[PDB]
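Quick notes on the structure that follows.
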Amino acid sequence: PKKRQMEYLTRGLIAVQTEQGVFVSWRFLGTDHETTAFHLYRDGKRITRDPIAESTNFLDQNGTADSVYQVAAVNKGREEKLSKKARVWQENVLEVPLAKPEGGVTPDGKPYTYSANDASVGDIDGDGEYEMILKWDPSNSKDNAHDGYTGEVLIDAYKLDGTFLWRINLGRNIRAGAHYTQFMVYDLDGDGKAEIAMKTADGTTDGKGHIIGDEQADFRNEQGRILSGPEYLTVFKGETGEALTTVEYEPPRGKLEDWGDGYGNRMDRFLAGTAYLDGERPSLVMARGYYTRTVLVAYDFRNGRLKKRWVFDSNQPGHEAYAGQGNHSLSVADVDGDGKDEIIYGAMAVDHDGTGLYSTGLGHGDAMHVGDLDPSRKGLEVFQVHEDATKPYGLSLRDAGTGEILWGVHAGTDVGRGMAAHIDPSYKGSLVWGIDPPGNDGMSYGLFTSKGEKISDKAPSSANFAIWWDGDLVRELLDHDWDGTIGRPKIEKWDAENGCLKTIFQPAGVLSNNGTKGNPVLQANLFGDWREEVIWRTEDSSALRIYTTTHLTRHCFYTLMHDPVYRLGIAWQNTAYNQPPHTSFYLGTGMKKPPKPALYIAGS
Ligand SMILES: [Ca+2]
Ligand SMILES: [Ca+2]
Ligand SMILES: [Ca+2]
Ligand SMILES: [Ca+2]
Ligand SMILES: [Ca+2]
Ligand SMILES: [Ca+2]
Ligand SMILES: [Ca+2]
Ligand SMILES: [Ca+2]
Ligand SMILES: [Ca+2]
């Protein structure tokens with residue numbers, strides 16, 4: 001296999017106080033050998049005798065609040081350089097204080113405030129530790145079709161120690177809302193440091209205070225929309241937030257009505273992804289449209305410049321059937337076995353070279369999941385739900401590479417949420433299900449194996465994120481309890497024996513994001529072992545709280561950020577209606593040994 005550019009990562013050693021001792025976990029790196037084992041040191045002294053070789057975690061019954069840990073890789077009996085010293089966290093929470101921006105007033109005299117919203121991660125300085133890239137959302141942010149002015153969108157960078165690095169202000173000409181700004185954080189050129197790409201406009205102010213274009217320009221109409229004036233695409237330096245290059249946004253508006261309405265409702269439907277279109281280095285993919293005209297534009301970033309790679313446009317001859325298929329998210333994976341990434345754009349797919357891969361014709365939906373959902377069947381599968389009541393299926397399971405529909409279930413109505421996850425150890429692969437979102441009819445559309453066997457008419461009442469949280473191979477479920485105004489985050493576990501969800505984590509003082517959608521700020525394997533961390537905002541957005549597991553595992557996996565599908569999932573997590581990340585391999589009961597990551601480290 002081709003070796004993919006990936007991020008340098010430190011051991012990511014953490015230590016957390018529990019009632020039974022100090023829980024320690026660290027990364028198994030893509031550069032480690034399958035036979036690599038580990039020694040642990042507490043207060044300078046080795047506390048392991050036999051190197052730890054079956055996991056990258058440890059419960060130290062002799063650890064105290066004052067203990068300091070280091071880990072060393074061991075290969076062929078030879079021990080390597082010890083990690084940085086890790087101190088013991090008092091709780092399984094790392095709190096990152098925020099510089100909460102002050103609210104304001106829109107032109108119509110209506111006040112707004114800010115809350116901490118979607119995030120992404122990138123290593124902006126190349127030291128092997130992630131920084132947080134955080135989007136602030138004003139309290140007046142808008143669904144496209146709802147009129148009204150919005151507060152300016154702000155994007156911040158923070159170090160995990162709470163250091164505020166910079167703020168980008170997108171300015172008055174970028175409307176706030178789920179479907180507008182899609183911020184892509186990645187080391188696009190391979191120097192070892194992440195940059196940030198997003199759509200910008202006249203009046204966007206970068207991290208060093210430099211304004212893009214005309215500072216005086218105001219393209220907001222009486223309804224608070226921006227439907228005129230230049231549109232730009234900017235790559236910002238990770239370290240400083242400074243604009244590196246700005247180009248014209250593609251595709252341009254053209255005649256408004258050609259998108260299907262004159263209000264920009266369909267036109268201003270943006271998505272973004274990072275994809276290894278050559279199977280070796282990342283490319284940037286900025287997308288516009290899914291209900292009607294659908295356009296994906298690929299770029300390569302090198303030596304301070306964006307260069308257009310290709311354009312997929314449903315208006316192109318032979319591509320008409322590709323319109324109306326995109327979801328409020330996209331997925332990225334090598335689905336056809338050529339080593340190169342394809343874009344799974346909801347109910348259709350675009351090949352690595354920008355040609356049409358397939359269109360299912362099943363139409364736009366609000367959730368999708370690409371992974372090895374049926375490990376008995378060669379290749380990846382796509383499970384998704386569908387919104388159009390007139391279409392054949394409310395939920396569909398297909399071959400990811402050919403688009404062949406393996407099975408589907410008719411609904412004759414919008415199926416607004418869906419999940420695919422290994423929640424039942426007695427089925428090798430994912431169960432899949434569809435349910436109504438909160439504040440709707442509370443309907444279930446069934447729980448099925450990925451082969452289409454109906455387990456029950458009543459599906460798990462959570463269909464949002466799935467998260468590896470505890471020690472076992474089953475995936476847990478992340479959602480919230482929505483009360484009509486706010487959501488209280490939770491992680492739940494499926495009880496397959498009696499067909500119910502049990503709450504296993506529900507932290508106080510934090511809120512979910514994006515209304516009924518109930519998103520975390522971010523879910524990602526940020527540090528420690530292969531289990532995933534989760535970030536939620538405090539109620540007042542004075543801080544982010546990053547939660548990490550303290551459940552001991554007997555299982556060992558390479559860090560998920562070194563997985564070619566999972567890492568790209570983190571990059572698109574913020575995109576429109578946030579979707580959860582998946583592994584390129586089947587992780588679950590009865591799994592075969594995963595292949596070691598085929599990679600090289602950017603920046604040597
Ligand atoms: Ca860093
Ligand atoms: Ca870079
Ligand atoms: Ca491929
Ligand atoms: Ca291909
Ligand atoms: Ca939708
Ligand atoms: Ca499969
Ligand atoms: Ca589990
Ligand atoms: Ca972890
Ligand atoms: Ca989002």
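Please note that chains go A, B, ... in the order of the structure tokens, that every chain numbers its residues from 1, and that ligands are numbered from 1 in the order shown.
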Residues within 12 Å of ligand 4, counting only C-alpha atoms and all ligand atoms: report them as JSON, numbers by chain.
-> {"A": [275, 276, 277, 278, 279, 332, 333, 334, 335, 336, 337, 338, 339, 340, 341, 342, 343, 344, 349, 350, 351, 352, 353, 354, 355, 356, 357, 358, 400, 401, 402]}
Step one, run DSSP on the backbone; step two, keep only residues of stretch 387-447 of chain A assigned to strand (DSSP E); then write them as a list in words.
->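 Output for stretch 387-447 of chain A, strand (DSSP E) only: residues 395, 396, 397, 398, 399, 405, 406, 407, 408, 409, 417, 418, 419, 420, 421, 431, 432, 433, 434, 435, 444, 445, 446 and 447 of chain A.
If you measure from each of A:4, A:253, A:551, A:493 to residue A:532 using only C-alpha atoms, the closest one turns out to be A:551.
With only C-alpha atoms as the atoms that count, the minimum distance from residue A:3 to the choices A:249, A:453, A:31, A:265 is reached by A:31.
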Dump the neighbourhood of ligand 9 as a PyMOL selection string: all residues within 6 Å, distances computed on only C-alpha atoms and all ligand atoms.
-> chain A and resi 118+178+574-578
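In terms of minimum interatomic distance to residue A:112, A:176 ranks closest within A:176, A:295, A:380, A:82, counting only C-alpha atoms.
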Would you mind listing the residues within 10 Å of ligand 5, counting only C-alpha atoms and all ligand atoms, as a PyMOL selection string?
-> chain A and resi 290-291+326-329+363-367+385-388+414-417+577
Go through A:520, A:567, A:372, A:495 one by one, measure the shortest atom-to-atom distance of each to ligand 6 using only C-alpha atoms and all ligand atoms, and give the residue with the smallest value.
->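 Ranking A:520, A:567, A:372, A:495 by distance to ligand 6, first place goes to A:372.
If only C-alpha atoms are the atoms counted, then among A:227, A:68, A:243, A:73 the closest residue to residue A:33 is A:73.
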Taking into account only C-alpha atoms and all ligand atoms, which residue in the set A:30, A:1, A:408, A:289 is nearest to ligand 3?
-> A:1
Around ligand 7, at most 6 Å away and counting only C-alpha atoms and all ligand atoms, which residues are there? Put them as a PyMOL selection string, please.
-> chain A and resi 468-476
Quick one: residues within 12 Å of ligand 8, with only C-alpha atoms and all ligand atoms, as an NGL selection string?
-> :A and (11-16 or 23-28 or 56-57 or 92 or 467-471 or 523-534 or 546-553 or 556-561)
Keeping only C-alpha atoms, write those residues as a PDB file, in the first residue's frame.
```pdb
ATOM      1  CA  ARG A  11       3.211   9.484  23.345  1.00  0.00           C
ATOM      2  CA  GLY A  12       0.224  11.512  24.584  1.00  0.00           C
ATOM      3  CA  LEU A  13       0.698  10.135  28.086  1.00  0.00           C
ATOM      4  CA  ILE A  14      -1.979  11.027  30.627  1.00  0.00           C
ATOM      5  CA  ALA A  15      -2.564  10.109  34.265  1.00  0.00           C
ATOM      6  CA  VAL A  16      -5.896  10.411  36.077  1.00  0.00           C
ATOM      7  CA  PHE A  23      -5.174   5.353  35.673  1.00  0.00           C
ATOM      8  CA  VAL A  24      -2.467   5.840  33.024  1.00  0.00           C
ATOM      9  CA  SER A  25      -2.868   5.700  29.247  1.00  0.00           C
ATOM     10  CA  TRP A  26      -0.832   6.621  26.190  1.00  0.00           C
ATOM     11  CA  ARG A  27      -0.712   6.306  22.393  1.00  0.00           C
ATOM     12  CA  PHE A  28       0.293   3.309  20.331  1.00  0.00           C
ATOM     13  CA  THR A  56      -1.432   1.049  26.290  1.00  0.00           C
ATOM     14  CA  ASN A  57      -3.067   1.568  29.684  1.00  0.00           C
ATOM     15  CA  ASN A  92     -11.022  12.595  34.291  1.00  0.00           C
ATOM     16  CA  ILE A 467     -18.081   6.646  20.923  1.00  0.00           C
ATOM     17  CA  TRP A 468     -15.526   4.106  22.184  1.00  0.00           C
ATOM     18  CA  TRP A 469     -15.677   5.043  25.856  1.00  0.00           C
ATOM     19  CA  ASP A 470     -15.335   2.041  28.162  1.00  0.00           C
ATOM     20  CA  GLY A 471     -12.936  -0.929  27.976  1.00  0.00           C
ATOM     21  CA  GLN A 523     -15.345  13.845  19.930  1.00  0.00           C
ATOM     22  CA  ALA A 524     -11.873  12.553  19.057  1.00  0.00           C
ATOM     23  CA  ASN A 525      -9.091  10.288  20.222  1.00  0.00           C
ATOM     24  CA  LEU A 526      -6.952  13.279  21.297  1.00  0.00           C
ATOM     25  CA  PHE A 527      -4.512  11.553  23.664  1.00  0.00           C
ATOM     26  CA  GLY A 528      -4.089   8.503  25.894  1.00  0.00           C
ATOM     27  CA  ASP A 529      -5.031   5.147  24.396  1.00  0.00           C
ATOM     28  CA  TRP A 530      -7.468   4.347  21.568  1.00  0.00           C
ATOM     29  CA  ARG A 531     -10.610   5.350  23.482  1.00  0.00           C
ATOM     30  CA  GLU A 532     -12.130   8.648  22.397  1.00  0.00           C
ATOM     31  CA  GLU A 533     -12.133  11.867  24.365  1.00  0.00           C
ATOM     32  CA  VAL A 534     -15.152  14.154  24.287  1.00  0.00           C
ATOM     33  CA  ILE A 546     -12.305  17.504  27.816  1.00  0.00           C
ATOM     34  CA  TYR A 547     -13.329  14.153  29.271  1.00  0.00           C
ATOM     35  CA  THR A 548     -11.244  11.007  29.017  1.00  0.00           C
ATOM     36  CA  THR A 549     -11.950   7.404  30.011  1.00  0.00           C
ATOM     37  CA  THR A 550     -10.620   5.717  33.153  1.00  0.00           C
ATOM     38  CA  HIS A 551     -12.008   2.280  32.252  1.00  0.00           C
ATOM     39  CA  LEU A 552      -9.185  -0.251  31.941  1.00  0.00           C
ATOM     40  CA  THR A 553      -9.055  -2.098  28.600  1.00  0.00           C
ATOM     41  CA  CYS A 556      -4.570  -2.535  21.928  1.00  0.00           C
ATOM     42  CA  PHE A 557      -5.068  -0.398  18.804  1.00  0.00           C
ATOM     43  CA  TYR A 558      -2.943   2.116  16.963  1.00  0.00           C
ATOM     44  CA  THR A 559      -4.012   5.641  17.796  1.00  0.00           C
ATOM     45  CA  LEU A 560      -7.186   6.392  15.844  1.00  0.00           C
ATOM     46  CA  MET A 561      -5.667   9.654  14.600  1.00  0.00           C
TER      47      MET A 561
END
```
Can you list every residue of chain A that has an atom at most 6 Å from ligand 1, with its nearest atom pair and the distance in Å to one decimal, using only C-alpha atoms and all ligand atoms, ordered by chain then number, as JSON lines?
```
{"residue": "A:123", "atom": "CA", "partner": "ligand 1", "partner_atom_place_in_ligand_line": "1 (Ca)", "distance": 4.2}
{"residue": "A:124", "atom": "CA", "partner": "ligand 1", "partner_atom_place_in_ligand_line": "1 (Ca)", "distance": 5.3}
{"residue": "A:125", "atom": "CA", "partner": "ligand 1", "partner_atom_place_in_ligand_line": "1 (Ca)", "distance": 4.8}
{"residue": "A:126", "atom": "CA", "partner": "ligand 1", "partner_atom_place_in_ligand_line": "1 (Ca)", "distance": 5.5}
{"residue": "A:127", "atom": "CA", "partner": "ligand 1", "partner_atom_place_in_ligand_line": "1 (Ca)", "distance": 4.8}
{"residue": "A:128", "atom": "CA", "partner": "ligand 1", "partner_atom_place_in_ligand_line": "1 (Ca)", "distance": 5.7}
{"residue": "A:129", "atom": "CA", "partner": "ligand 1", "partner_atom_place_in_ligand_line": "1 (Ca)", "distance": 4.2}
{"residue": "A:130", "atom": "CA", "partner": "ligand 1", "partner_atom_place_in_ligand_line": "1 (Ca)", "distance": 4.8}
{"residue": "A:131", "atom": "CA", "partner": "ligand 1", "partner_atom_place_in_ligand_line": "1 (Ca)", "distance": 5.4}
```
File dump, residues just selected, C-alpha atoms, as a PDB file, in the first residue's frame:
```pdb
ATOM      1  CA  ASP A 123      -0.992  20.535  15.524  1.00  0.00           C
ATOM      2  CA  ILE A 124      -0.281  24.132  14.560  1.00  0.00           C
ATOM      3  CA  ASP A 125       3.363  24.227  15.753  1.00  0.00           C
ATOM      4  CA  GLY A 126       4.534  20.677  14.971  1.00  0.00           C
ATOM      5  CA  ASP A 127       5.344  19.493  18.501  1.00  0.00           C
ATOM      6  CA  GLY A 128       3.136  16.383  18.341  1.00  0.00           C
ATOM      7  CA  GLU A 129       0.289  17.734  20.476  1.00  0.00           C
ATOM      8  CA  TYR A 130      -3.041  18.989  19.138  1.00  0.00           C
ATOM      9  CA  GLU A 131      -4.333  22.532  19.478  1.00  0.00           C
TER      10      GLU A 131
END
```
Closest-contact table, chain A side, partner ligand 2, 7 Å, counting only C-alpha atoms and all ligand atoms, as a Markdown table:
```
| residue | atom | partner | partner_atom_place_in_ligand_line | distance |
| --- | --- | --- | --- | --- |
| A:187 | CA | ligand 2 | 1 (Ca) | 4.1 |
| A:188 | CA | ligand 2 | 1 (Ca) | 5.4 |
| A:189 | CA | ligand 2 | 1 (Ca) | 4.8 |
| A:190 | CA | ligand 2 | 1 (Ca) | 5.2 |
| A:191 | CA | ligand 2 | 1 (Ca) | 4.7 |
| A:192 | CA | ligand 2 | 1 (Ca) | 5.6 |
| A:193 | CA | ligand 2 | 1 (Ca) | 4.2 |
| A:194 | CA | ligand 2 | 1 (Ca) | 4.7 |
| A:195 | CA | ligand 2 | 1 (Ca) | 5.6 |
```
Could I get the residue neighbourhood of ligand 6 at 9 Å, counting only C-alpha atoms and all ligand atoms, as number ranges by chain?
-> A: 371-381, 399-400, 429, 585-586
Output for the residues just chosen: N, CA and C atoms as a PDB file, in the first residue's frame:
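Output saved as out29.pdb:
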```
ATOM      1  N   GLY A 371     -18.022   2.805   6.962  1.00  0.00           N
ATOM      2  CA  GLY A 371     -17.028   2.005   7.667  1.00  0.00           C
ATOM      3  C   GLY A 371     -17.185   0.558   7.276  1.00  0.00           C
ATOM      4  N   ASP A 372     -16.514  -0.326   8.002  1.00  0.00           N
ATOM      5  CA  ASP A 372     -16.723  -1.740   7.758  1.00  0.00           C
ATOM      6  C   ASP A 372     -17.892  -2.207   8.614  1.00  0.00           C
ATOM      7  N   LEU A 373     -19.100  -1.988   8.097  1.00  0.00           N
ATOM      8  CA  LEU A 373     -20.330  -2.245   8.843  1.00  0.00           C
ATOM      9  C   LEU A 373     -20.716  -3.719   8.812  1.00  0.00           C
ATOM     10  N   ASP A 374     -20.338  -4.400   7.733  1.00  0.00           N
ATOM     11  CA  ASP A 374     -20.554  -5.842   7.584  1.00  0.00           C
ATOM     12  C   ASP A 374     -19.196  -6.469   7.253  1.00  0.00           C
ATOM     13  N   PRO A 375     -18.445  -6.890   8.284  1.00  0.00           N
ATOM     14  CA  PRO A 375     -17.102  -7.454   8.063  1.00  0.00           C
ATOM     15  C   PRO A 375     -17.063  -8.786   7.301  1.00  0.00           C
ATOM     16  N   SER A 376     -18.221  -9.400   7.070  1.00  0.00           N
ATOM     17  CA  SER A 376     -18.282 -10.662   6.323  1.00  0.00           C
ATOM     18  C   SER A 376     -18.270 -10.400   4.820  1.00  0.00           C
ATOM     19  N   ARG A 377     -18.490  -9.137   4.463  1.00  0.00           N
ATOM     20  CA  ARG A 377     -18.564  -8.695   3.081  1.00  0.00           C
ATOM     21  C   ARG A 377     -17.353  -7.810   2.773  1.00  0.00           C
ATOM     22  N   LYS A 378     -16.572  -8.189   1.759  1.00  0.00           N
ATOM     23  CA  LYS A 378     -15.376  -7.444   1.377  1.00  0.00           C
ATOM     24  C   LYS A 378     -15.687  -5.972   1.092  1.00  0.00           C
ATOM     25  N   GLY A 379     -14.861  -5.091   1.648  1.00  0.00           N
ATOM     26  CA  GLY A 379     -14.971  -3.653   1.426  1.00  0.00           C
ATOM     27  C   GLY A 379     -15.740  -2.917   2.503  1.00  0.00           C
ATOM     28  N   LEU A 380     -15.915  -1.617   2.297  1.00  0.00           N
ATOM     29  CA  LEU A 380     -16.691  -0.782   3.210  1.00  0.00           C
ATOM     30  C   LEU A 380     -18.156  -0.734   2.790  1.00  0.00           C
ATOM     31  N   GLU A 381     -19.007  -0.313   3.721  1.00  0.00           N
ATOM     32  CA  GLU A 381     -20.428  -0.159   3.462  1.00  0.00           C
ATOM     33  C   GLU A 381     -20.846   1.234   3.892  1.00  0.00           C
ATOM     34  N   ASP A 399     -23.092  -1.102  -0.649  1.00  0.00           N
ATOM     35  CA  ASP A 399     -21.679  -1.265  -0.953  1.00  0.00           C
ATOM     36  C   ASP A 399     -21.086   0.133  -1.159  1.00  0.00           C
ATOM     37  N   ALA A 400     -20.073   0.486  -0.369  1.00  0.00           N
ATOM     38  CA  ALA A 400     -19.542   1.853  -0.402  1.00  0.00           C
ATOM     39  C   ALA A 400     -18.900   2.231  -1.735  1.00  0.00           C
ATOM     40  N   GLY A 429     -20.151  -7.084  13.479  1.00  0.00           N
ATOM     41  CA  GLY A 429     -20.440  -5.948  12.618  1.00  0.00           C
ATOM     42  C   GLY A 429     -21.366  -4.986  13.324  1.00  0.00           C
ATOM     43  N   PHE A 585     -11.107   0.052   9.456  1.00  0.00           N
ATOM     44  CA  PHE A 585     -11.183  -1.379   9.718  1.00  0.00           C
ATOM     45  C   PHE A 585     -12.321  -1.688  10.678  1.00  0.00           C
ATOM     46  N   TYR A 586     -12.740  -2.948  10.704  1.00  0.00           N
ATOM     47  CA  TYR A 586     -13.764  -3.369  11.641  1.00  0.00           C
ATOM     48  C   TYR A 586     -13.170  -3.453  13.039  1.00  0.00           C
TER      49      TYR A 586
END
```
Residue neighbourhood stretch 46-51 of chain A, 10 Å, only C-alpha atoms, exclusion window fewer than 2 positions, as a PyMOL selection string = chain A and resi 36-44+53-54+58+60+62+69-75+77+79
